[PDB]
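Q: The structure's right below; bear with me while I get my questions together.
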Amino acid sequence: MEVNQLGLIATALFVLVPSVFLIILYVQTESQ
Amino acid sequence: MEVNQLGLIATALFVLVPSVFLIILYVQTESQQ
Amino acid sequence: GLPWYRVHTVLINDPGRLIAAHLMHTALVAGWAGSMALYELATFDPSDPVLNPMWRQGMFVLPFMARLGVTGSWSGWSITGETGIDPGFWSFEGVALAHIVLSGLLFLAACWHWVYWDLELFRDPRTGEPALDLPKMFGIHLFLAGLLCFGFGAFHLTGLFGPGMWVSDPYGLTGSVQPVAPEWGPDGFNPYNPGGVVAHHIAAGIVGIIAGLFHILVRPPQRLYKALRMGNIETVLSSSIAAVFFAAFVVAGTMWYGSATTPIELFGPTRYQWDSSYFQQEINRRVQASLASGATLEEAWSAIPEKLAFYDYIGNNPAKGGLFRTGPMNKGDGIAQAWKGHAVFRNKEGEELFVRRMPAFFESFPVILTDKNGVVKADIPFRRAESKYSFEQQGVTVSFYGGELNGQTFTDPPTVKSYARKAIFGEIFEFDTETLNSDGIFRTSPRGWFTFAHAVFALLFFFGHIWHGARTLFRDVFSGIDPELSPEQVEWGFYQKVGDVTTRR
Amino acid sequence: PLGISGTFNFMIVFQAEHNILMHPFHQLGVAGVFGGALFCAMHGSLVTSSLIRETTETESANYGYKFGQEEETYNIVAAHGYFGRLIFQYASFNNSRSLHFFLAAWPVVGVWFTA
Amino acid sequence: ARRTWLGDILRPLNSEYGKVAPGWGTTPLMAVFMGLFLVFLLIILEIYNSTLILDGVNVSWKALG
Amino acid sequence: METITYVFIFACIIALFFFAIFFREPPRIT
Amino acid sequence: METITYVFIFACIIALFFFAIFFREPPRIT
Amino acid sequence: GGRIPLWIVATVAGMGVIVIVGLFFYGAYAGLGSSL
Amino acid sequence: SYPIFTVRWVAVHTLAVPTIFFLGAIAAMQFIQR
Amino acid sequence: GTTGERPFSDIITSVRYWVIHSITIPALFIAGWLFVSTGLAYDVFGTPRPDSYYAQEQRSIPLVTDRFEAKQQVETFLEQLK
Amino acid sequence: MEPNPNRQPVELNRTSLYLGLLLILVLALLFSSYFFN
Amino acid sequence: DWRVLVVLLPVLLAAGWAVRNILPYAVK
Amino acid sequence: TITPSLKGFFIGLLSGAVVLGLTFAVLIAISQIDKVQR
Amino acid sequence: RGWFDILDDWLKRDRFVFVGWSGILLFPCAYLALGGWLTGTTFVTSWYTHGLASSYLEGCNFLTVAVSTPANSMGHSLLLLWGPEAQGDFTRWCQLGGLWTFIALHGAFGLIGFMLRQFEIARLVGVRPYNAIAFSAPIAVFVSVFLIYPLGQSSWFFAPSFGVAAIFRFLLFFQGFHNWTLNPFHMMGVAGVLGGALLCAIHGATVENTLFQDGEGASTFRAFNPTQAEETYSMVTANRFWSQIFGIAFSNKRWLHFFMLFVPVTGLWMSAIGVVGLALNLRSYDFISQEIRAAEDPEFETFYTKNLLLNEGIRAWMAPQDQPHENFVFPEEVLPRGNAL
Ligand code: CLA
Ligand code: CLA
Ligand code: CLA
Ligand code: CLA
Ligand SMILES: CCCCCCCCCCCCCCCC(=O)OC[C@H](COP(=O)(O)OC[C@@H](O)CO)OC(=O)CCCCCCCCCCCCCCC
Ligand SMILES: CCCCCCCCCCCCCCCC(=O)OC[C@H](COP(=O)(O)OC[C@@H](O)CO)OC(=O)CCCCCCCCCCCCCCC
Ligand SMILES: CC1=C(/C=C/C(C)=C/C=C/C(C)=C/C=C/C=C(C)/C=C/C=C(C)/C=C/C2=C(C)CCCC2(C)C)C(C)(C)CCC1
Ligand SMILES: CC1=C(/C=C/C(C)=C/C=C/C(C)=C/C=C/C=C(C)/C=C/C=C(C)/C=C/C2=C(C)CCCC2(C)C)C(C)(C)CCC1
Ligand SMILES: CCCCCCCCCCCCCCCCCC(=O)O
Ligand SMILES: [Fe+2]
């Protein structure tokens with residue numbers, strides 16, 4: 001299907017960035 | 001230029017994945033001490 | 001805390017979580033296998049095994065399923081071109097599915113072993129400490145390896161209870177999965193004899209059973225136990241890595257040189273077949289034969305199967321690629337459509353002329369036409385002013401026998417040169433470059449990609465061997481040398497024997 | 001040129017016009033730079049090999065050194081005792097000052113010549 | 001530690017940690033098998049290399065017939 | 001690529017279900 | 001897009017330089 | 001034991017090398033390898 | 001009390017002897033005419 | 001320290017050392033010389049003499065082109081010089 | 001069943017963070033040209 | 001052939017002369 | 001059946017056995033004569 | 001206290017040249033590899049394998065002598081003296097290139113011997129075995145360039161020949177055919193070699209100019225005792241200096257010395273990988289985007305396109321003489337050439 005090529009990067013970063021935010025905060029909560 | 005279109009995602013993940021890994025380890029090191 | 005490069009050492013004294021980790025690894029590898037096959041099924045074009053075989057399409061695991069007998073799809077096709085077949089459950093799709101179900105089951109077992117790590121089985125009954133009798137484990141596992149190895153050869157490869165394996169004629173024209181009988185003679189060591197593969201697994205399987213039985217019943221000598229630190233699981237990692245990189249070098253070589261287990265219809269030709277003109281010899285052999293019995297030139301060449309002509313073409317030479325030229329070979333020169341025919345060049349004097357073929361070393365090569373004796377009679381010149389041998393001056397023409405341009409002759413110099421620039425690549429094909437938006441640059445085949453990865457991983461695992469071997473033999477000084485090492489011990493002359501304090505002078 | 005491929009262009013043109021590979025001062029430069037890499041690795045391996053045990057297996061041995069400690073952190077005689085036997089005794093430094101001066105001199109002089 | 005049914009069955013297989021035969025044990029016999037295996041890999045290598053050439057052993061694709 | 005992306009995200013969510021249920025913070029009666 | 005990518009990375013390296021120098025762990029004595 | 005002074009041995013081994021090396025350089029201009 | 005023939009002795013002459021032989025051969029070579 | 005061998009500095013300044021070696025060193029040098037001057041080195045190793053790289057009216061390299069006949073090929077070239 | 005005694009804290013100091021980030025960014029700078037090709 | 005003794009003779013006499021000059025001290 | 005190259009194989013196999021065995025014969029002898037004092 | 005322990009005793013005695021069990025493999029192989037190279041470069045031609053002179057005997061000097069590779073027609077023959085090619089004839093063995101495989105193979109086992117020696121001596125002396133580990137980088141380079149690279153190509157002929165000018169030709173070959181300078185694995189090797197040499201010089205200079213005054217004389221070398229406990233130079237002052245000159249400085253001597261191991265060892269490992277790819281002609285030869293533009297746009301020029309022209313000159317002008325077994329005949333009119341030159 002002739003989809004948008006920046007769709008992949010937009011979806012990937014949309015997941016990746018906020019998720020890494022939360023992971024960073026959860027792990028440093030656990031180690032204190 | 002007619003560059004490979006997956007080069008961008010390749011490069012972005014190549015940077016982002018291992019960097020995030022290091023940041024996770026550093027921050028939880030700091031909240032220990 | 002632990003440095004990042006040591007997080008996984010927490011498993012060294014925890015056999016249960018060690019098993020949990022190994023399960024998760026095995027889950028991941030099987031999952032990959034299932035994912036890779038599904039992606040390949042969704043991208044594979046099965047419609048022409050002659051000019052668009054799997055190895056032109058960037059297929060990596062498809063050929064390994066085909067090698068051991070999986071050749072058809074639930075969708076009705078087979079990679080041999082047969083249609084309307086019914087593979088049963090062990091289609092490409094079913095193999096992929098089994099590896100995914102296996103992945104999921106391994107994942108769950110990993111959870112169980114991670115939680116219930118503290119199993120009495122892992123405790124030494126005398127001391128209450130976790131301990132693994134590694135000598136006996138070796139014997140158990142080796143006995144198992146030998147059962148499997150023997151059965152693989154005795155049942156799967158023979159067809160006694162199984163499909164056999166992929167075999168083909170010497171020119172890769174008629175391959176298929178056939179049962180193979182053992183070759184017990186000395187030709188069983190011929191890498192190109194499939195019967196030797198069968199005999200190997202039977203005989204080696206039996207030796208493995210016997211060795212396994214030995215290693216279950218016979219304890220290690222104390223000298224050897226001490227020398228190899230057989231109470232230290234890391235000595236096993238050290239030797240295991242060494243065996244793994246040994247195996248990795250072997251599979252890379254046989255992929256690159258070719259053997260009965262790397263057939264060219266699954267992986268593509270080898271570069272040596274181009275170096276030695278292997279297919280060109282055979283093609284000429286048949287044209288001579290067709291001519292001797294009186295066939296015309298058009299007839300002799302039209303009898304040449306396209307599949308054979310397509311091997312005599314440098315675009316399928318695995319040594320014509322580049323590291324960052326990604327994807328299927330089709331992405332480069334295109335999807336081959338038809339053989340255009342055999343180009344014959346002649347000068348104005350009727351003499352037949354021969355294009356000098358490109359050697360694999362050369363990204364680019366000049367166009368030089370020789371006579372049967374090797375004397376230069378035409379070329380495409382760079383500097384034009386003192387040109388002696390131009391196509392225009394020498395009256396060079398091109399005529400086609402067989403293929404799509406059969407019986408056609410071209411005389412206009414630019415057209416003739418255009419075919420002569422393709423004749424350096426071997427036989428001439430018509431490619432579809434639109435469909436994949438092919439860029440025109442040669443890529444390597446799966447034979448190349450496989451060889452590169454495995455030669456590289458091997459060399460890297462040699463370093464792993466050295467590292468973990470060192471760690472085993474020097475465990476006592478990992479964290480540093482003795483702060484009470486006395487200077488008489490490292491200075492010369494004090495001891496007769498280096499390091500031995502009982503040899504004082 | 002101030003660029004990566006520009007640099008390589010300069011090198012290929014230079015070889016064609018000066019046969020620089022066949023010039024002794026370039027050969028000394030390779031010796032200064034190969035030897036520099038060699039002695040870098042040697043010295044780093046010998047010092048690392050003779051670190052005095054100050055830590056457990058669960059920590060980086062780097063934490064055995066504290067910035068500004070007066071005591072050395074490795075045993076130079078053990079390093080000499082290893083290296084002198086790997087080759088022979090008098091092909092090894094036991095004077096740290098001569099050693100580190102050697103380390104400075106070899107690549108500096110080789111790169112002077114290649115310049 | 002936790003006992004399980006399967007644990008109790010497998011038990012004796014992980015019960016001799018540390019047990020050795022005395023002295024050198026079967027080390028000489030191992031050395032013989034090592035020697036035989038080296039020669040055997042040598043042959044296999046030199047056959048593939050065409051440094052050992054044997055009657056009726058054609059190291060070429062043309063050994064598929 | 002878009003099929004793979006839809007399925008990857010769906011798969012990740014099913015994984016999160018597993019951890020959220022079986023590796024929840026256990027509620028304890030204080 | 002490739003120009004943006006190349007300059008983005010280069011600029012992250014210069015910012016890292018700033019932090020590595022002015023925001024280093026200070027070396028403290030014994 | 002130490003009859004021959006070491007500096008003497010060094011001086012004489014010294015010209016020993018100078019002579020053999022200079023022979024090898026004369027040889028670059030004469031006979032084989034001289035281009036002539 | 002020093003021994004004459006040692007491992008050291010052997011390592012040395014194992015290099016020294018053929019080195020001088022080769023030096024003689026190479027010196028002869030400088031007088032070869034084409 | 002020291003491992004017991006006789007020091008080099010003590011040996012090469014010793015009169016006995018130089019008694020033996022003022023014979024062995026020139027003898028070896030002369031032996032090497034003779035290996036070349038006699039022409040034996042040419043014959044042992046197979047090196048062409050200045051007169052025997054090409055046949056007279058020839059500018060083709062006698063290049064080995066076969067693996068298992070290579071021994072015979074070289075001899076065929078040497079015979080095109082007798 | 002007791003908790004697992006083999007667990008350990010893991011650490012990455014600030015200097016190793018700076019070292020690793022430099023490594024990754026320079027490696028990306030080098031290979032990116034080849035990924036875009 | 002003949003050239004082989006010619007080459008070997010200096011070596012052999014070098015070996016004799018060292019043997020005879022050292023033989024007593026080698027006995028000890 | 002017993003080809004030239006198979007004969008050469010045994011030539012090399014034997015020669016190498018000679019070299020290793022002779023070498024080891026020599027080392028074992030010297031090690032017996034010149035022992036360490038304990 | 002049987003023969004084996006008696007032999008162990010003898011091999012491990014503290015002598016001027018340590019032997020060890022590793023000596024049995026190291027010393028014969030190292031001596032033979034060395035001896036083969038000196039023998040070949042003094043007496044042995046390359047006329048029949050390459051059409052080149054390559055020894056002192058033939059008129060070559062130290063820069064042009066070589067033990068050259070066997071003829072491309074040997075393929076990857078082991079070229080054993082008693083093998084089917086030379087058939088035990090020493091002279092033919094030399095003329096067919098047998099000394100090359102002799103040096104390569106004996107050299108390979110010497111390198112193993114030497115690395116086992118680093119292991120053996122380190123165990124007896126009681127130190128950690130990082131010097132052996134570091135030596136894995138030279139080994140990787142040797143096997144990948146001398147063994148793996150020619151094994152991927154048509155024959156040993158395309159390995160490096162053991163000689164100064166012959167290695168120069170190897171360099172230039174890799175430029176013209178593989179465009180090796182463009183290969184990111186070589187670039188990582190470059191940064192590791194130049195990085196090491198820099199580290200080497202900067203560490204030695206720093207120590208020598210942060211010395212403590214521990215004696216009275218203008219020669220500072222005498223004021224060091226190898227058994228002293230104290231550091232002989234000020235890490236504190238060194239750290240200030242470099243912090244204020246460069247921004248950052250080492251503060252941990254253990255990290256510093258480990259880094260010196262790390263940098264050149266890693267660099268060499270990286271270039272070895274790149275060479276493994278070149279075994280298969282898996283080159284980083286081109287950038288496709290550059291070529292598509294350049295073909296369509298004859299005013300587009302970069303240092304990238306300028307260097308491929310150079311490669312194309314190298315190939316056409318050296319191929320006939322460098323690969324004589326291919327019988328390349330390039331008439332004058334086909335040779336690529338700029339204006340006038
Ligand atoms: C043994 C491993 C292996 C091999 C040989 C192949 C081989 C192949 N694959 Mg497969 N693949 C694999 C694993 C493998 N794959 C895995 C693990 C995945 C999941 C990610 C895939 C996913 C996959 C897809 C999705 C596709 C392929 C395709 C292909 C084909 C083209 C590959 C290509 O262009 O590569 C080019 C490869 C490179 C340029 C990689 C270079 C490696 C980088 C530069 C290394 C980084 C350096 C590192 C940082 C070092 C520095 C460290 C130091 C600082 C310390 C080929 C048949 C393609 C195809 O044609 O399918 C039909 C395709 O579309 N593969
Ligand atoms: C079966 C193979 C195997 C196994 C089980 C191990 C196991 C181990 N290694 Mg060894 N090692 C191996 C192969 C293996 N190694 C190889 C091939 C090499 C050479 C490259 C090494 C080099 C090596 C070093 C130098 C060290 C170890 C260490 C260790 C221990 C800690 C590892 C850790 O926490 O990593 C943690 C690693 C990470 C958290 C991230 C690493 C990410 C890498 C850069 C890329 C990711 C790869 C990718 C995800 C998947 C693999 C692809 C392909 C291999 C299939 C552990 C016992 C350490 C040790 O001795 O401590 C005592 C140590 O210092 N290993
Ligand atoms: C540790 C020492 C060492 C090592 C590892 C090597 C290794 C090698 N040598 Mg070198 N060599 C050595 C010492 C060594 N050499 C010495 C001391 C000399 C001078 C005499 C030479 C002279 C030499 C020459 C002249 C040549 C080699 C060659 C070779 C290669 C082939 C060897 C081969 O095929 O072995 C095969 C043999 C074995 C592996 C021995 C196996 C022994 C087992 C353990 C016992 C077998 C049982 C026995 C046969 C029973 C006897 C039966 C009888 C009763 C009838 C290989 C790389 C060849 C080469 O480089 O190729 C170009 C070659 O032409 N070597
Ligand atoms: C800025 C310039 C520069 C720099 C720093 C480098 C750096 C490097 N190059 Mg590149 N190169 C460059 C420019 C440069 N190159 C250019 C412009 C070209 C043209 C294309 C090349 C072409 C080139 C080629 C073709 C190759 C390299 C290789 C290498 C590596 C060689 C590693 C080494 O030490 O091997 C030295 C050899 C060893 C370490 C092997 C083991 C040596 C043993 C231990 C020897 C023991 C000797 C023994 C004692 C006996 C001695 C006696 C005798 C001296 C008499 C290194 C990473 C090589 C490489 O990457 O291979 C991995 C390689 O093959 N380079
Ligand atoms: C430029 C690079 C070299 C760095 C400079 C050296 C700095 C270190 C020197 C400090 C010691 C100072 C003491 C003064 C003395 C001095 O500095 O050294 C000279 C030394 C003198 O030792 P002797 O015991 O002969 O003399 C006693 C004197 O030391 C008393 O002043 O002699 C040698 O070492 C000879 C070596 C030739 C050996 C011939 C070859 C042997 C075979 C080797 C086979 C290879 C080994 C196996 C390979 C695996
Ligand atoms: C799905 C797959 C997931 C993949 C995840 C990604 C992999 C994980 C991340 C790996 C990257 C690790 C980087 C560690 C980086 C970092 O931690 O280094 C510092 C670190 C210090 O080690 P210590 O023993 O001091 O431990 C301190 C601890 O806090 C470390 O955990 O050294 C080691 O890591 C040894 C290796 C150093 C490596 C040296 C490289 C740095 C040189 C910089 C040069 C840049 C080039 C520019 C010049 C041209
Ligand atoms: C749970 C469960 C389940 C499910 C399962 C699943 C669904 C699975 C999946 C799985 C999967 C789906 C998996 C996959 C995986 C993958 C992987 C594991 C991959 C890997 C990769 C890598 C590692 C790569 C790397 C690289 C890169 C990236 C670049 C280039 C180079 C290299 C190659 C190195 C079931 C239902 C069955 C049953 C019940 C339970
Ligand atoms: C191969 C072979 C073999 C062996 C042999 C050998 C072992 C050899 C050796 C040889 C040798 C062992 C040789 C030597 C030589 C040497 C020389 C030739 C040297 C020279 C030197 C010089 C010339 C120097 C000088 C100088 C200069 C110039 C400058 C600076 C200073 C100096 C002084 C350094 C055998 C029989 C087993 C058999 C097989 C083959
Ligand atoms: C691994 C141990 C092997 C090391 C020694 C092996 C090589 C020993 C030297 C062998 C050379 C003698 C045979 C060479 C001549 C063959 C005779 C012939 O075929 O005419
Ligand atoms: Fe230092």
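Identifiers in this document derive from the order of the structure tokens: chains are assigned A, B, ..., residues are numbered from 1 separately in each chain, and ligands are numbered from 1 in order of occurrence.
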Quick one: chain F onto chain G, least squares on all Cα paired in order, result as a compact mmCIF listing (two decimals) with N, CA, C and O atoms, in the first residue's frame?
A:
```txt
# COMPACT_ATOMS: atom_id res chain seq x y z
N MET F 1 16.55 15.34 4.56
CA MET F 1 16.49 14.61 5.75
C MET F 1 17.85 14.13 6.20
O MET F 1 18.13 13.97 7.40
N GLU F 2 18.71 13.87 5.23
CA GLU F 2 20.02 13.28 5.59
C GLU F 2 20.94 14.41 6.05
O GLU F 2 21.70 14.23 6.97
N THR F 3 20.80 15.59 5.46
CA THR F 3 21.52 16.75 5.96
C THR F 3 21.16 17.03 7.42
O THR F 3 22.03 17.27 8.27
N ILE F 4 19.86 16.96 7.73
CA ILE F 4 19.38 17.25 9.07
C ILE F 4 19.91 16.23 10.04
O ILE F 4 20.19 16.57 11.20
N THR F 5 20.09 14.98 9.58
CA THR F 5 20.54 13.91 10.46
C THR F 5 22.01 14.05 10.78
O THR F 5 22.43 13.89 11.94
N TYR F 6 22.83 14.33 9.75
CA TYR F 6 24.24 14.59 9.97
C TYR F 6 24.43 15.74 10.94
O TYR F 6 25.23 15.62 11.88
N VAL F 7 23.68 16.85 10.76
CA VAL F 7 23.85 18.05 11.59
C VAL F 7 23.32 17.83 13.00
O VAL F 7 23.85 18.37 13.97
N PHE F 8 22.24 17.06 13.14
CA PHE F 8 21.74 16.78 14.47
C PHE F 8 22.77 16.02 15.29
O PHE F 8 23.02 16.35 16.45
N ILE F 9 23.38 14.99 14.72
CA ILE F 9 24.34 14.21 15.47
C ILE F 9 25.55 15.06 15.84
O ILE F 9 26.14 14.92 16.93
N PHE F 10 26.00 15.90 14.90
CA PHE F 10 27.12 16.77 15.17
C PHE F 10 26.78 17.71 16.32
O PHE F 10 27.59 17.92 17.22
N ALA F 11 25.58 18.28 16.28
CA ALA F 11 25.13 19.16 17.36
C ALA F 11 25.11 18.44 18.70
O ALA F 11 25.56 18.98 19.71
N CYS F 12 24.57 17.23 18.75
CA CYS F 12 24.53 16.48 20.00
C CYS F 12 25.92 16.27 20.57
O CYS F 12 26.10 16.25 21.80
N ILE F 13 26.90 16.00 19.71
CA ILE F 13 28.28 15.80 20.18
C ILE F 13 28.83 17.07 20.79
O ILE F 13 29.55 17.03 21.77
N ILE F 14 28.55 18.22 20.18
CA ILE F 14 29.02 19.47 20.76
C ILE F 14 28.39 19.71 22.12
O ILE F 14 29.06 20.12 23.07
N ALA F 15 27.09 19.40 22.25
CA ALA F 15 26.44 19.42 23.57
C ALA F 15 27.14 18.51 24.56
O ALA F 15 27.27 18.86 25.74
N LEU F 16 27.61 17.33 24.11
CA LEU F 16 28.21 16.39 25.07
C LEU F 16 29.55 16.93 25.59
O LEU F 16 29.86 16.81 26.79
N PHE F 17 30.32 17.56 24.70
CA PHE F 17 31.52 18.30 25.08
C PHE F 17 31.26 19.24 26.26
O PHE F 17 31.99 19.24 27.25
N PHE F 18 30.21 20.06 26.15
CA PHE F 18 29.89 21.01 27.20
C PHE F 18 29.66 20.33 28.53
O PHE F 18 30.25 20.72 29.56
N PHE F 19 28.80 19.30 28.56
CA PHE F 19 28.53 18.61 29.82
C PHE F 19 29.77 17.85 30.30
O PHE F 19 30.08 17.86 31.48
N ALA F 20 30.51 17.23 29.38
CA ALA F 20 31.64 16.44 29.81
C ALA F 20 32.69 17.29 30.47
O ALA F 20 33.41 16.80 31.34
N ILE F 21 32.81 18.57 30.07
CA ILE F 21 33.81 19.48 30.61
C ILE F 21 33.22 20.15 31.85
O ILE F 21 33.72 20.02 32.97
N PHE F 22 32.12 20.85 31.66
CA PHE F 22 31.63 21.67 32.74
C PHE F 22 30.83 20.91 33.77
O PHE F 22 30.77 21.38 34.90
N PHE F 23 30.28 19.74 33.46
CA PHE F 23 29.58 18.94 34.45
C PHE F 23 30.23 17.58 34.58
O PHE F 23 29.57 16.53 34.67
N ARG F 24 31.55 17.56 34.61
CA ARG F 24 32.21 16.29 34.86
C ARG F 24 32.02 15.91 36.31
O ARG F 24 31.67 16.73 37.15
N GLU F 25 32.23 14.63 36.61
CA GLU F 25 32.44 14.28 38.00
C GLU F 25 33.74 14.96 38.43
O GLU F 25 34.79 14.71 37.82
N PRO F 26 33.72 15.79 39.44
CA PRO F 26 34.94 16.47 39.87
C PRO F 26 35.93 15.48 40.47
O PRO F 26 35.59 14.73 41.39
N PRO F 27 37.15 15.46 39.98
CA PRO F 27 38.17 14.61 40.61
C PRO F 27 38.59 15.23 41.93
O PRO F 27 38.91 16.41 41.98
N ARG F 28 38.57 14.44 42.99
CA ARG F 28 38.86 14.96 44.32
C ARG F 28 39.98 14.15 44.96
O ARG F 28 40.09 12.95 44.74
N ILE F 29 40.80 14.84 45.76
CA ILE F 29 42.05 14.28 46.27
C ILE F 29 41.73 13.54 47.58
O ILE F 29 41.54 14.16 48.63
N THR F 30 41.70 12.21 47.51
CA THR F 30 41.23 11.39 48.62
C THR F 30 42.34 11.05 49.61
O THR F 30 42.12 10.98 50.82
```
Q: Find the residues around residue 260 in chain N up to 6 Å (only C-alpha atoms counted), leave out those fewer than 3 positions away in its own chain, and share them as number ranges by chain.
A: D: 40-41, 44; N: 257, 263
Q: Give me the residues within 10 Å of residue 1 in chain M as a compact mmCIF listing (two decimals) with C-alpha atoms, in the first residue's frame, counting only C-alpha atoms and dropping any in the same chain fewer than 4 places off.
A:
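Produced file part_36.txt, reproduced below:
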```txt
# COMPACT_ATOMS: atom_id res chain seq x y z
CA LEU E 54 42.60 -40.55 -3.99
CA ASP E 55 41.36 -43.04 -6.54
CA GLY E 56 37.70 -42.62 -7.36
CA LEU M 6 48.86 -40.85 -0.49
```
Q: Dump the neighbourhood of ligand 5 as number ranges by chain: all residues within 7 Å, distances computed on only C-alpha atoms and all ligand atoms.
A: D: 86-93; I: 8, 11-12; J: 7-10; N: 17, 114
Q: For the residues selected in the previous step, produce a file with N, CA and C atoms as an mmCIF file, in the first residue's frame.
A:
```cif
data_model
loop_
_atom_site.group_PDB
_atom_site.id
_atom_site.type_symbol
_atom_site.label_atom_id
_atom_site.label_comp_id
_atom_site.auth_asym_id
_atom_site.auth_seq_id
_atom_site.Cartn_x
_atom_site.Cartn_y
_atom_site.Cartn_z
ATOM 1 N N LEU D 86 59.358 -12.818 29.235
ATOM 2 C CA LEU D 86 58.714 -13.002 27.937
ATOM 3 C C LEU D 86 59.730 -12.842 26.811
ATOM 4 N N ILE D 87 60.694 -11.930 26.970
ATOM 5 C CA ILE D 87 61.733 -11.751 25.965
ATOM 6 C C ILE D 87 63.047 -12.253 26.553
ATOM 7 N N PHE D 88 63.776 -11.356 27.222
ATOM 8 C CA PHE D 88 64.880 -11.659 28.125
ATOM 9 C C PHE D 88 65.097 -10.431 28.998
ATOM 10 N N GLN D 89 65.838 -10.634 30.091
ATOM 11 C CA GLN D 89 65.823 -9.678 31.193
ATOM 12 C C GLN D 89 66.167 -8.266 30.728
ATOM 13 N N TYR D 90 67.242 -8.114 29.958
ATOM 14 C CA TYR D 90 67.769 -6.781 29.663
ATOM 15 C C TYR D 90 67.056 -6.103 28.504
ATOM 16 N N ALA D 91 66.040 -6.743 27.938
ATOM 17 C CA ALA D 91 65.143 -6.109 26.994
ATOM 18 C C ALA D 91 63.902 -5.551 27.674
ATOM 19 N N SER D 92 63.954 -5.346 28.988
ATOM 20 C CA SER D 92 62.828 -4.835 29.753
ATOM 21 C C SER D 92 63.293 -3.674 30.613
ATOM 22 N N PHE D 93 62.436 -2.656 30.707
ATOM 23 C CA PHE D 93 62.625 -1.535 31.605
ATOM 24 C C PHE D 93 62.170 -1.903 33.010
ATOM 25 N N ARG I 8 71.164 -20.750 26.294
ATOM 26 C CA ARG I 8 71.550 -19.458 25.758
ATOM 27 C C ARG I 8 72.557 -19.642 24.639
ATOM 28 N N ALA I 11 70.724 -20.746 21.460
ATOM 29 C CA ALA I 11 69.920 -19.706 20.824
ATOM 30 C C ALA I 11 70.801 -18.740 20.032
ATOM 31 N N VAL I 12 71.944 -18.344 20.616
ATOM 32 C CA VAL I 12 72.849 -17.383 19.991
ATOM 33 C C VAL I 12 73.403 -17.938 18.698
ATOM 34 N N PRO J 7 78.389 -13.894 31.782
ATOM 35 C CA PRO J 7 78.020 -12.610 31.174
ATOM 36 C C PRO J 7 78.668 -12.383 29.818
ATOM 37 N N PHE J 8 77.881 -11.806 28.904
ATOM 38 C CA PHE J 8 78.384 -11.521 27.567
ATOM 39 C C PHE J 8 79.585 -10.594 27.618
ATOM 40 N N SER J 9 79.490 -9.532 28.417
ATOM 41 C CA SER J 9 80.568 -8.556 28.479
ATOM 42 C C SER J 9 81.867 -9.216 28.917
ATOM 43 N N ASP J 10 81.758 -10.215 29.788
ATOM 44 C CA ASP J 10 82.920 -10.978 30.207
ATOM 45 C C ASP J 10 83.425 -11.900 29.103
ATOM 46 N N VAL N 17 66.839 -17.357 28.599
ATOM 47 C CA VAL N 17 65.721 -17.398 27.675
ATOM 48 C C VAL N 17 64.754 -18.476 28.145
ATOM 49 N N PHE N 114 53.651 -17.941 20.636
ATOM 50 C CA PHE N 114 54.018 -16.753 21.386
ATOM 51 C C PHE N 114 52.904 -16.367 22.324
#
```
